Amino acid sequence: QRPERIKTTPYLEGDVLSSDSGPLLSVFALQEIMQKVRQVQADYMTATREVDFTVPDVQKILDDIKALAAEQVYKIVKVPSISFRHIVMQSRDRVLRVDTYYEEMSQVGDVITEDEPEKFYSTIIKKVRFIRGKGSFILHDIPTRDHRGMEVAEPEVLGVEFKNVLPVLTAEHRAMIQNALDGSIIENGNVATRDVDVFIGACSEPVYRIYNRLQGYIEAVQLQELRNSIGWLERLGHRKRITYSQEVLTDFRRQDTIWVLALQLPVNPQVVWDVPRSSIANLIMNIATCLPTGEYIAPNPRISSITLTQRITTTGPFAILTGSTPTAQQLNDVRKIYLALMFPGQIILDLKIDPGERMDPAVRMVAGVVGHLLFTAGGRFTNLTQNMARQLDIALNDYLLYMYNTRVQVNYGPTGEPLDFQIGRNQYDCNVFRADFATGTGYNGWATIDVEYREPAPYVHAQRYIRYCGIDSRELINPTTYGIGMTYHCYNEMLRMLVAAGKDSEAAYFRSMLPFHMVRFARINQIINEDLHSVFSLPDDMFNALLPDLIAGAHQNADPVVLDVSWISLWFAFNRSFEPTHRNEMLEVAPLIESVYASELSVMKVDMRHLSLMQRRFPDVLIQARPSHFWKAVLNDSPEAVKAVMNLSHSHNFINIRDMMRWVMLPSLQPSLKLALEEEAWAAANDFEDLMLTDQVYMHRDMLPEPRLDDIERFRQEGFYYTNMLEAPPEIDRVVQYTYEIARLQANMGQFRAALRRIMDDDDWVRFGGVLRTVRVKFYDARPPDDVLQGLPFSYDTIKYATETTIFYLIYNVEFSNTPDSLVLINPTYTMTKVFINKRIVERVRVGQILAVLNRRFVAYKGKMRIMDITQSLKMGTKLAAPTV
Amino acid sequence: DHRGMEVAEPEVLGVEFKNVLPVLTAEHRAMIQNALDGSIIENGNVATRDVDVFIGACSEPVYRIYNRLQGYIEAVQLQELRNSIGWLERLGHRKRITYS
């Protein structure tokens, strides 16, 4: 089906040794990363905080991330919720109308205190989430009826409840209310073949804001964005060379369907790579979601030995090594070697030292020979540290200087550095094989170009093409040279140096084994340039800057993971090739996962950015705050799958204040429906008055009124009531301004009570500003208890400044038996506290204006329509009919 | 934490005045509280690593020993590990020993 796996000669056919896949290798890498630090901390004495290093189930986390995409942020209801109610007095033509939104809003979060900033942040987040959840809804299949040839909405869909006020009315007011009810006709309702119903109802302003924004977003995002997303998926599949079926997607849209779309494919990769200390997590995710499934193939057994007669056979130089089998640890080290090879700069190999083994000394020398032509230490990226390179150079020197045949002449140089000599009759110089990271003189990438740029990529962050030892992937299909002509510079120099050293049989063996080596790196290049291209790959800037930081020893934010291997593992990995067989199971699903992850991260970031200014806005309320407090507050109300992805390497125990403060400032966002709704709700929540907590609290000595009851029915009709609600605050003059510090200092000196009493006797006003307080609302028909009649804004426990305050509405009731002087007392009663709110909550309104809140325009889809979520169809394998630009 | 900046708790300071607070009057208690709130810790950089620095109380010989130990640690962190590892590498090259 694909021409690069067609084998025409038995040279490339060998027995299967083992197999590996992405889900196994990711868990293996994480386990070997964590076990190393566990062993190091166990062996030596360490002084650090107690943290447990465990390994999670990556497959379950990926499944949870995928399942997160099926959730919906909106609701479909027949009627809107009630937003207005009424309270009926003894009056016959006046009622008290109350807006229910503020009353439900006042009881959402915990009471604000002066010593728990985390609870304050949690309360703010919960209030914003409640506003967003209530705001977003879509109307569908509203009930209507017929009246005089017009379509009239039922009273049920209207957001006003007025059933309890009907009996107390009179004939004229009932007729007026009935006429007002009958007048709310459905606009353009007399025509057929419609799609929406337009009418007039009542709703609160903050909910109306999110409703309008949601309707606008539903109208805006349409087939064009879906076409763009499918086109981007088509380009990505074209790069990945995924096969396509003969089924295509058209742009036909049924007359009874309305699409929604909450995600987009062109994900800004920066949002992924701005997360602090996320290199390990991104690498693990990339291995988990992109690595294919393949098996290891050994070379053909006939390359080493051939038979001329039954008792005459050619013998190879490494017959002892090739007649050996690995153990489990050596197999693990071979897997580590291949894992380091398939990721250039993010994984770096080292050496493992332990005295628990007895190995033949020739194994180390052969490994030192193999490592020079197996690994890369060039001038653009490296696969190993400097120490391993030095050890390999020393091993190569030991192999060269040890002779089991007749000795050849050698001339030593002035310095005592390894490989500093000339060997052989023709005086071949061995100084070029010593490691030099500036040019990569002794390893692969000696005189070859291994990183190039060909075409713009679907992912803008990664544009590089890797070519190990100069092999292009097209050489397996359309070669440009014969079998003899396949070579490159470093390997040829290795062969010539081996010949000059008097070792001819080893040179012949390597010359025979070269094409298998070349084909193996061709397959590795194809794998790294075809399937591993994803968001979680390293950007070009960090990839370029990795090597100079390692050379200079400077601090870097993308420190590679370093693993160790054994000597025989180099030979074992040299005698294998990785040949993929199946593609990854989740290859065509990953971009949706990345989009969901980016959208959740963007929502979290905007929440942090909006909460970061609270200390600057209100200094006295958040004295003991840190960024970590609202960090925990934001993390406590997020999906757990995103947190699991973000904390693969147990990073959250190590971020300090500066790192998270840096991350919040970074301007990168991924737009989505959830982000738009959250931003709109946050914009509606900038005014703290809508959140029902304020600092306009006053104290002024006032008298509970004693009206003259000279005409009982007149007093009943006028609708007398009392409240501590201030319709307008007093002037800036004749008021005094108190502060938390001033009040605390005066209270600690035993002077607060006297000062307040002296102010009160002067008939002035005092403001306890600077501190937000939770406000509640209560209604009373009799005299309220002294807990609220003579309450105070502060409590004695030193004083507590942030104490909740209750606005109370007292309703007067009189009988015919009351004398005109039946409410007067010799000693007056006093009430202290008052609260001013610029909004309008409870109003005394005449019965003729009950239905005067009908000033909102509502559009509702009909009963024949359907609303579907199409975000699950955004898969890589889908191909559209008419291509886009 | 106070007013957006970090302070040191009374325990980490090298004084003991827990048993004198009960008998203090209001002005003296307020003054002591303000003075305690006035102990701001700063951040510093030694051996390309960040540390906290603050003000405390100690006796002269103990402070001298502690200062010498701190200076020795600071000098070690930027020269001695590198010098020792280089010497290990040279000795292992000479005597044919591999050091981990």
# chains A, B, ... in the order shown; residues from 1 in each chain; ligands from 1

call {"tool": "interface_residues", "arguments": {"of": "chain A", "to": "chain B", "cutoff": "6 Å", "atoms": "only C-alpha atoms", "output": "PyMOL selection string"}}
result
chain A and resi 353+623-624

call {"tool": "residues_around", "arguments": {"residues": "residue 323 (chain A)", "least_positions_apart": "4", "cutoff": "12 Å", "atoms": "only C-alpha atoms", "output": "list in words"}}
result
residues 301, 304, 316, 317, 318, 319, 572 and 575 of chain A

call {"tool": "residues_around", "arguments": {"residues": "region 870-873 of chain A", "least_positions_apart": "3", "cutoff": "8 Å", "atoms": "only C-alpha atoms", "output": "list in words"}}
result
residues 69, 70, 259, 260, 261, 262 and 263 of chain A

call {"tool": "write_last_selection", "arguments": {"atoms": "N, CA, C and O atoms", "output": "tab-separated table (two decimals), in the first residue's frame"}}
result
chain	number	residue	atom	x	y	z
A	69	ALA	N	-14.60	17.13	25.70
A	69	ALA	CA	-15.08	17.84	24.53
A	69	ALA	C	-16.58	17.68	24.30
A	69	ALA	O	-17.15	18.44	23.51
A	70	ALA	N	-17.23	16.72	24.96
A	70	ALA	CA	-18.65	16.49	24.76
A	70	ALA	C	-19.53	17.34	25.67
A	70	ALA	O	-20.76	17.33	25.50
A	259	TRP	N	-26.34	24.82	13.57
A	259	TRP	CA	-25.06	24.31	14.04
A	259	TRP	C	-24.47	25.21	15.12
A	259	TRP	O	-24.69	26.42	15.15
A	260	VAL	N	-23.72	24.59	16.02
A	260	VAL	CA	-22.89	25.29	16.99
A	260	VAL	C	-21.47	24.75	16.87
A	260	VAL	O	-21.25	23.63	16.41
A	261	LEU	N	-20.50	25.56	17.28
A	261	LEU	CA	-19.09	25.19	17.15
A	261	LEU	C	-18.31	25.94	18.22
A	261	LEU	O	-18.23	27.17	18.19
A	262	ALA	N	-17.74	25.20	19.17
A	262	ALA	CA	-17.05	25.79	20.31
A	262	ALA	C	-15.54	25.66	20.25
A	262	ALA	O	-14.86	26.06	21.20
A	263	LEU	N	-14.98	25.11	19.17
A	263	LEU	CA	-13.55	24.89	19.08
A	263	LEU	C	-13.06	25.18	17.67
A	263	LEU	O	-13.82	25.11	16.70

call {"tool": "closest_residue", "arguments": {"among": "A:98, A:157, A:42, A:484", "to": "residue 843 (chain A)", "atoms": "only C-alpha atoms"}}
result
A:98

call {"tool": "select_by_dssp", "arguments": {"residues": "region 516-731 of chain A", "states": "helix (DSSP H, G or I)", "output": "PyMOL selection string"}}
result
chain A and resi 516-530+540-552+567-574+590-611+614-617+627-635+640-646+651-653+657-665+673-684+688-691+712-718

call {"tool": "select_by_dssp", "arguments": {"residues": "chain B", "states": "strand (DSSP E or B)", "output": "MDAnalysis selection string"}}
result
chainID B and resid 2 5 7 40 42:46 49:53

call {"tool": "residues_around", "arguments": {"residues": "residue 183 (chain A)", "least_positions_apart": "3", "cutoff": "8 Å", "atoms": "only C-alpha atoms", "output": "list in words"}}
result
residues 152, 179 and 180 of chain A

call {"tool": "residues_around", "arguments": {"residues": "region 218-229 of chain A", "least_positions_apart": "3", "cutoff": "6 Å", "atoms": "only C-alpha atoms", "output": "PyMOL selection string"}}
result
chain A and resi 215+232+265

call {"tool": "residues_around", "arguments": {"residues": "residue 305 (chain A)", "least_positions_apart": "2", "cutoff": "9 Å", "atoms": "only C-alpha atoms", "output": "list in words"}}
result
residues 301, 302, 303, 307, 313, 314, 315 and 316 of chain A

call {"tool": "residues_around", "arguments": {"residues": "region 695-702 of chain A", "least_positions_apart": "3", "cutoff": "8 Å", "atoms": "only C-alpha atoms", "output": "mmCIF file with N, CA, C and O atoms, in the first residue's frame"}}
result
data_model
loop_
_atom_site.group_PDB
_atom_site.id
_atom_site.type_symbol
_atom_site.label_atom_id
_atom_site.label_comp_id
_atom_site.auth_asym_id
_atom_site.auth_seq_id
_atom_site.Cartn_x
_atom_site.Cartn_y
_atom_site.Cartn_z
ATOM 1 N N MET A 760 -22.098 61.002 67.162
ATOM 2 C CA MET A 760 -23.538 60.779 67.053
ATOM 3 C C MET A 760 -24.335 61.915 67.683
ATOM 4 O O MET A 760 -25.355 62.341 67.131
ATOM 5 N N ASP A 763 -25.113 64.979 65.512
ATOM 6 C CA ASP A 763 -25.995 64.792 64.355
ATOM 7 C C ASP A 763 -25.219 64.860 63.041
ATOM 8 O O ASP A 763 -25.556 65.627 62.138
ATOM 9 N N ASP A 764 -24.173 64.049 62.933
ATOM 10 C CA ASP A 764 -23.359 63.955 61.732
ATOM 11 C C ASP A 764 -23.388 62.527 61.196
ATOM 12 O O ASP A 764 -24.129 61.668 61.682
ATOM 13 N N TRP A 765 -22.571 62.279 60.177
ATOM 14 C CA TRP A 765 -22.520 60.990 59.508
ATOM 15 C C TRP A 765 -21.088 60.474 59.485
ATOM 16 O O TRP A 765 -20.130 61.251 59.432
ATOM 17 N N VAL A 766 -20.949 59.151 59.525
ATOM 18 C CA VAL A 766 -19.651 58.489 59.513
ATOM 19 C C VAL A 766 -19.658 57.418 58.430
ATOM 20 O O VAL A 766 -20.679 56.759 58.198
ATOM 21 N N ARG A 767 -18.532 57.280 57.733
ATOM 22 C CA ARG A 767 -18.365 56.289 56.678
ATOM 23 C C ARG A 767 -17.252 55.321 57.050
ATOM 24 O O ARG A 767 -16.126 55.744 57.330
ATOM 25 N N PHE A 768 -17.566 54.030 57.048
ATOM 26 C CA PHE A 768 -16.564 52.985 57.266
ATOM 27 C C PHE A 768 -16.106 52.404 55.931
ATOM 28 O O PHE A 768 -16.277 51.221 55.637
ATOM 29 N N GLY A 769 -15.505 53.267 55.113
ATOM 30 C CA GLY A 769 -15.141 52.894 53.763
ATOM 31 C C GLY A 769 -13.859 52.089 53.679
ATOM 32 O O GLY A 769 -13.124 51.928 54.650
ATOM 33 N N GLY A 770 -13.599 51.575 52.476
ATOM 34 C CA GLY A 770 -12.387 50.844 52.190
ATOM 35 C C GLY A 770 -12.487 49.339 52.311
ATOM 36 O O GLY A 770 -11.555 48.640 51.894
ATOM 37 N N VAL A 771 -13.578 48.814 52.864
ATOM 38 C CA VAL A 771 -13.721 47.384 53.112
ATOM 39 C C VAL A 771 -15.050 46.918 52.535
ATOM 40 O O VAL A 771 -16.102 47.484 52.851
ATOM 41 N N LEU A 772 -15.002 45.887 51.695
ATOM 42 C CA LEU A 772 -16.215 45.328 51.120
ATOM 43 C C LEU A 772 -16.926 44.430 52.128
ATOM 44 O O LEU A 772 -16.299 43.674 52.873
ATOM 45 N N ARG A 773 -18.256 44.520 52.145
ATOM 46 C CA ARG A 773 -19.075 43.788 53.101
ATOM 47 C C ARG A 773 -20.211 43.080 52.380
ATOM 48 O O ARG A 773 -20.820 43.640 51.466
ATOM 49 N N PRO A 793 -21.852 47.921 62.312
ATOM 50 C CA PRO A 793 -20.996 47.399 61.236
ATOM 51 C C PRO A 793 -19.739 46.705 61.727
ATOM 52 O O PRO A 793 -19.023 46.115 60.907
ATOM 53 N N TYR A 830 -34.362 53.847 68.396
ATOM 54 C CA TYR A 830 -33.326 54.304 67.483
ATOM 55 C C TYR A 830 -32.842 53.166 66.595
ATOM 56 O O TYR A 830 -32.840 51.999 66.996
ATOM 57 N N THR A 831 -32.437 53.521 65.376
ATOM 58 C CA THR A 831 -31.766 52.611 64.458
ATOM 59 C C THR A 831 -30.516 53.294 63.922
ATOM 60 O O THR A 831 -30.522 54.501 63.657
ATOM 61 N N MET A 832 -29.433 52.528 63.787
ATOM 62 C CA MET A 832 -28.109 53.102 63.562
ATOM 63 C C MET A 832 -27.643 53.026 62.110
ATOM 64 O O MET A 832 -27.358 54.057 61.495
ATOM 65 N N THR A 833 -27.559 51.823 61.549
ATOM 66 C CA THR A 833 -26.833 51.609 60.305
ATOM 67 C C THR A 833 -27.711 51.847 59.082
ATOM 68 O O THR A 833 -28.922 51.621 59.105
ATOM 69 N N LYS A 834 -27.073 52.306 58.006
ATOM 70 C CA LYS A 834 -27.725 52.516 56.722
ATOM 71 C C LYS A 834 -26.775 52.106 55.606
ATOM 72 O O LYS A 834 -25.553 52.165 55.759
ATOM 73 N N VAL A 835 -27.347 51.686 54.478
ATOM 74 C CA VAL A 835 -26.585 51.201 53.332
ATOM 75 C C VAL A 835 -27.124 51.871 52.075
ATOM 76 O O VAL A 835 -28.343 51.978 51.900
ATOM 77 N N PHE A 836 -26.221 52.318 51.204
ATOM 78 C CA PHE A 836 -26.580 52.951 49.940
ATOM 79 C C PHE A 836 -26.117 52.078 48.780
ATOM 80 O O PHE A 836 -24.938 51.719 48.702
ATOM 81 N N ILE A 837 -27.045 51.746 47.885
ATOM 82 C CA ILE A 837 -26.755 51.017 46.655
ATOM 83 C C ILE A 837 -27.398 51.770 45.498
ATOM 84 O O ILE A 837 -28.596 52.071 45.539
#

call {"tool": "atom_distance", "arguments": {"atom1": "CA of residue 29 (chain A)", "atom2": "CA of residue 651 (chain A)"}}
result
16.6 Å

call {"tool": "atom_distance", "arguments": {"atom1": "CA of residue 185 (chain A)", "atom2": "CA of residue 81 (chain A)"}}
result
20.3 Å

call {"tool": "atom_distance", "arguments": {"atom1": "CA of residue 858 (chain A)", "atom2": "CA of residue 166 (chain A)"}}
result
25.9 Å

call {"tool": "decode", "arguments": {"residues": "chain B", "atoms": "C-alpha atoms", "output": "short mmCIF file (atom, residue, chain, number, x, y, z; two decimals), in the first residue's frame"}}
result
data_model
loop_
_atom_site.label_atom_id
_atom_site.label_comp_id
_atom_site.auth_asym_id
_atom_site.auth_seq_id
_atom_site.Cartn_x
_atom_site.Cartn_y
_atom_site.Cartn_z
CA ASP B 1 2.79 38.34 54.74
CA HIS B 2 1.91 42.04 55.01
CA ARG B 3 0.96 44.75 52.49
CA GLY B 4 2.24 42.73 49.55
CA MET B 5 5.68 42.05 51.02
CA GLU B 6 7.23 39.34 53.16
CA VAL B 7 8.26 39.60 56.82
CA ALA B 8 9.97 37.21 59.23
CA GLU B 9 8.03 35.54 62.02
CA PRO B 10 9.11 36.24 65.63
CA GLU B 11 10.23 32.61 66.01
CA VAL B 12 13.04 32.76 63.43
CA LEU B 13 14.54 35.84 65.11
CA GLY B 14 17.13 35.08 67.77
CA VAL B 15 15.14 36.59 70.64
CA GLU B 16 12.60 35.29 73.14
CA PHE B 17 9.93 37.75 74.28
CA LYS B 18 6.79 35.60 74.44
CA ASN B 19 6.51 35.86 78.25
CA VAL B 20 6.71 39.67 78.39
CA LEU B 21 3.68 40.41 76.13
CA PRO B 22 1.05 39.56 78.83
CA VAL B 23 2.18 42.38 81.15
CA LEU B 24 2.55 45.06 78.46
CA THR B 25 0.17 48.00 78.13
CA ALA B 26 -1.67 49.14 75.00
CA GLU B 27 0.84 51.63 73.58
CA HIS B 28 3.80 49.31 74.16
CA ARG B 29 1.96 46.37 72.59
CA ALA B 30 1.09 48.46 69.53
CA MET B 31 4.69 49.67 69.23
CA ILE B 32 6.03 46.10 69.49
CA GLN B 33 3.53 44.93 66.86
CA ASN B 34 4.56 47.71 64.48
CA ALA B 35 8.26 47.01 65.03
CA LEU B 36 7.68 43.32 64.33
CA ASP B 37 5.76 44.22 61.17
CA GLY B 38 8.71 46.41 60.14
CA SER B 39 11.14 43.49 59.66
CA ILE B 40 11.21 43.15 55.88
CA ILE B 41 13.13 40.25 54.31
CA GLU B 42 14.91 40.81 50.99
CA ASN B 43 16.00 38.50 48.18
CA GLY B 44 19.61 38.00 47.09
CA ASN B 45 21.65 36.05 44.57
CA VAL B 46 24.60 33.86 45.56
CA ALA B 47 26.18 31.22 43.28
CA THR B 48 23.61 32.10 40.55
CA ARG B 49 20.94 30.90 43.02
CA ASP B 50 18.29 32.93 44.82
CA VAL B 51 18.18 33.16 48.63
CA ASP B 52 16.42 35.15 51.35
CA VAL B 53 18.27 37.64 53.55
CA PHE B 54 17.05 39.17 56.81
CA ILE B 55 18.16 40.67 60.12
CA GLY B 56 18.54 38.67 63.33
CA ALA B 57 20.33 38.54 66.69
CA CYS B 58 23.27 36.36 67.70
CA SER B 59 26.37 36.32 69.87
CA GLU B 60 29.70 37.39 68.40
CA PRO B 61 31.65 34.07 68.27
CA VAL B 62 28.63 32.08 67.08
CA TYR B 63 28.00 34.71 64.40
CA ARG B 64 31.66 34.56 63.35
CA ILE B 65 31.52 30.77 62.95
CA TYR B 66 28.22 30.95 61.06
CA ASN B 67 29.56 33.66 58.73
CA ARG B 68 32.69 31.63 58.01
CA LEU B 69 30.57 28.55 57.23
CA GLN B 70 28.35 30.59 54.89
CA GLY B 71 31.39 32.00 53.10
CA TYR B 72 32.89 28.53 52.72
CA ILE B 73 29.64 27.20 51.23
CA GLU B 74 29.44 30.15 48.83
CA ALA B 75 33.03 29.64 47.65
CA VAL B 76 32.52 25.88 47.28
CA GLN B 77 29.36 26.30 45.19
CA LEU B 78 31.23 28.24 42.49
CA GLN B 79 34.70 26.75 42.43
CA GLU B 80 35.31 23.59 44.40
CA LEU B 81 32.89 21.15 42.76
CA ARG B 82 34.25 21.96 39.30
CA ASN B 83 37.87 21.75 40.45
CA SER B 84 37.29 18.42 42.20
CA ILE B 85 35.44 16.87 39.24
CA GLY B 86 38.24 17.96 36.91
CA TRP B 87 40.77 16.33 39.22
CA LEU B 88 38.68 13.12 39.28
CA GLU B 89 38.68 13.11 35.46
CA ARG B 90 42.45 13.60 35.22
CA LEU B 91 43.19 10.94 37.86
CA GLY B 92 40.86 8.45 36.19
CA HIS B 93 42.51 9.12 32.84
CA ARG B 94 45.95 8.50 34.35
CA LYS B 95 45.13 5.41 36.45
CA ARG B 96 42.55 3.80 34.09
CA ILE B 97 39.56 4.20 36.42
CA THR B 98 36.05 5.29 35.40
CA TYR B 99 34.39 7.69 37.84
CA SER B 100 30.62 8.12 37.89
#
